[PDB]
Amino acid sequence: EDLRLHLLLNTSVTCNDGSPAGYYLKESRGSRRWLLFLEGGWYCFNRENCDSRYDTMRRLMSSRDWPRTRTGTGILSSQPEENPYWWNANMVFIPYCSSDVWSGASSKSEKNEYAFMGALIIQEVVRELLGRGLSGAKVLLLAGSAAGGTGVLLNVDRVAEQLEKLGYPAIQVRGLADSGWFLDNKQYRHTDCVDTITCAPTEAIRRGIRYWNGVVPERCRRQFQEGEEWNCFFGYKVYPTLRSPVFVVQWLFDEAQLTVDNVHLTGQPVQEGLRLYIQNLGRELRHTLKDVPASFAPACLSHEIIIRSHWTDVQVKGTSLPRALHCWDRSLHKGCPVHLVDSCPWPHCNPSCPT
């Protein structure tokens, strides 16, 4: 009933500490649909901060204590009531143990404590799954939440290419990026960049990319000058050059965006300046989605949705996320919308927001 853990067979490809990376799998032999989900969980952008992460959030840097099984939730649930359209898919959860926003593509240097291999983890999972049924797939949906969402944007075209090169051109590779669409904006009030809470988005990725030896998609890399590849971690910059179809799910007021912007909305009264900052951030997010054909962007203050059990409950313009996703799937193959962006100005202006 649960997804079962498999540790990768390729010993070169590891979590930060060198323990084997892996994936959880629940096979569904009556379906040709595969859902490959990339876990989120922030990042670390220097050795001091990765050392702290290792001490406090070891599961995000090591496979040593991963459980043998995981129950799928939300889009990974095999229960029809929880996942009405896609419950019968082949379900894969790839734990995030690379701290690199799934962008690392090099073996560890002798001058590093940690290895940053997230892009290679994805590649190796895909290769091992080919011997487990993925060879027969019709659709491979690379999905992800938060850092995993950004990971989808960074890896979907790599995966697409990989399957073609390996001899499986009929598998349709698509992406689903949830809560991974950020603005490289100015903080409301500044804090010096010392950790992931205090570091403005541009600065965090400029530092991170270098530390991780992170790679970005080739089609986006071209658009920016040498040393300016950090741009490609920002959805509105990377999205227009993608080859693969990607559906974008994004809360207009994402809690992680607010955190790195040094805004904390807790149900307190706010001053006009903060009001304006927050309203403008929602407008800016809307602006970036105007030409994204397949999107779901409710006016709520939240973070992540697709593996949450109550992902069926939020609606935009009268339509749920699972339905919008189904409509998109059909469009890629009347009364079935795929572009669903709220336009009201403040979080919870949509009555269906999670509470």
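Start at 1 and count along the sequence shown; that's the residue number.
Going from residue 333 to residue 334, the model skips 10 or more deposited residues, which lack coordinates. For the pair 164-172 and 232-240, the record assigns the higher mean C-alpha temperature factor to 164-172. For the pair 107-115 and 145-153, the mean B factor over Cα atoms is greater in 107-115.
In this entry, the residue among 225, 77, 259, 99 with the greatest C-alpha B factor is 225. Of the candidates 82, 124, 218, 203, the one whose C-alpha carries the top B factor in the deposited record is 218. In this PDB entry, the Cα temperature factor of residue 62 sits in the bottom third of its chain's modelled residues, the lowest group. Residue 340: CA B factor lies in the middle third for its chain, per the PDB record. Residue 13: CA B factor lies in the middle third for its chain, per the PDB record. For residue 304, the recorded CA temperature factor ranks within the middle third of the chain's modelled residues. Remark: residue 327 belongs to the middle third of its chain, ranked by C-alpha B-factor as recorded.
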